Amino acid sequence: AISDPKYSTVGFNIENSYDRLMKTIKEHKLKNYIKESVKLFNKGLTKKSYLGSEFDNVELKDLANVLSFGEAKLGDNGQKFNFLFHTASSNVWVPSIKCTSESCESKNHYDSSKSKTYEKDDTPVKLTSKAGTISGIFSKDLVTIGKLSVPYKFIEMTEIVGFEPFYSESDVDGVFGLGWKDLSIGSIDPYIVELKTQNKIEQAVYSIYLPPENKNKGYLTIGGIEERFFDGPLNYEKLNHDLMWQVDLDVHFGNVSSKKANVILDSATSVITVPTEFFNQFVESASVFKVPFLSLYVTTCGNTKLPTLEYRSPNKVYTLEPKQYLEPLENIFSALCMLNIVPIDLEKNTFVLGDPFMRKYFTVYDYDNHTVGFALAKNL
């Protein structure tokens, strides 16, 4: 599995929601506030129960974990970079030595002149979004993830505006795409597909293994199914979108349910997400406490009312028990836990399976067949 695997595996690090929350709690000295508020809840003195969930952040990007690793290299001189994984993009992105922005100054840069394997492309490319704007150009070189290498067309970034204060504060240089969506109109296959095209791997598939007992770690395996990660069979579901790791499922949280939901698999999302209305029904008379002024839902670890979460397909149900969707806060209050489930309205009837789901289910992402696979993860 992780000691001498069959297919190429790389470890990656995760900054998670627990970590960010603890930072915020130390920063603002919030521990006693939280403790004293919970005590109030337990005495029956918060009432009848009010709705202070809005706190419309809302942003899916407020919920993103940073999945990063530093073992990928560009060119025959193996120029080193720290990359975060993005499950929706199919491009690789790095700062250019020619980057004029202040953001790029402390970052590792790609310098096409130092690599004998560089081939010029120069096709200009630009992302503009609410969070920020990146412009650069395509360049071709060797992209190596340890054991695997292929000549590949990535985006060399010449100007980066926004993505602050995160980008400057992070050690991350660029983004490595494990998705389907190419910014070009030149039909640049994902890195994983190109490996198969060039016969570097048997199949255009990868898996994510998130170990149950290390929430700062995950493992990416490329080019085959490493069976030592999981118990029992792999079940497969068909993608319901040509360019997203998204499937059709009926969602039931106890008596609260939604049929024909769109359910996106995104291991970089820090939590399970549900629509807001759906969430409200869920937490109502479930004895969960919203801490005033914080985006934080808490309850006792042994809460006997919390149901199993069910994601139903025509031939398999995936489930999460309370112990997989609660996070212990023992360092704040004995037997206190938080909900790793957040209300957020996306596309209608759209749900996200983030880190909590993948701590239970080993997941497989199959470009060749347009499927995702699920199996019970082993505890390694």
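Numbers follow the displayed sequence, beginning with 1. Between two forms, the rigid core is defined as the largest C-alpha subset superposing within 1.5 Å.
Student: Quick one: core-superposed, which stretch strays further from the shown model in 4 other deposited structures of this protein, 331-339 or 348-356? Go by RMS C-alpha distance.
Tutor: Higher average C-alpha offset in 4 other deposited structures of this protein goes to 331-339.
Student: Comparing against the shown form in 4 other deposited structures of this protein, which stretch has the larger RMS C-alpha deviation after a rigid core superposition, 88-96 or 223-231?
Tutor: Taking the RMS over all superposed structures in 4 other deposited structures of this protein, 88-96 lies farther out.
Student: Checking the other compared PDB entries, only those that cover the residues flanking it, does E54 lack coordinates in at least one third?
Tutor: yes, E54 frequently unmodelled elsewhere, at least a third of entries.
Student: Tell me which stretch, 79-87 or 304-312, has the higher mean Cα B-factor listed in the entry.
Tutor: Between 79-87 and 304-312, it is 79-87 that shows the higher mean C-alpha B-factor.
Student: On mean Cα temperature factor in this entry, is 152-160 or 264-272 the higher one?
Tutor: Mean B over CA atoms: larger for 152-160.
Student: Choose from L249, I192, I225, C104 the residue with the greatest Cα B-factor as stated in the PDB record.
Tutor: Largest recorded C-alpha B-factor: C104.
Student: Sorting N216, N255, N235, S207 by Cα temperature factor from the record, which one lands on top?
Tutor: Top of the list by C-alpha B-factor: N255.
Student: State the tercile, meaning the lowest, middle or highest third, of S53 with respect to the CA B-factors recorded for its chain.
Tutor: Tercile = highest for this residue's CA B-factor.
Student: Can you tell me whether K35 has a C-alpha B-factor in the lowest, middle or highest third compared with the other modelled residues of the same chain?
Tutor: Within its chain, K35 is a lowest-third residue by C-alpha B-factor, going by the deposited values.
Student: By its CA B factor, does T221 count among the lowest, middle or highest third of the modelled residues in the chain?
Tutor: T221: CA B-factor falls in the lowest third of its chain.
Student: By its CA B factor, does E347 count among the lowest, middle or highest third of the modelled residues in the chain?
Tutor: Highest third - that is where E347 ends up once the chain's C-alpha B-factors are sorted.
Student: Quick check for you: using the entry's CA B-factors within this chain, is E59 in the lowest, middle or highest third?
Tutor: Top third by C-alpha B-factor.
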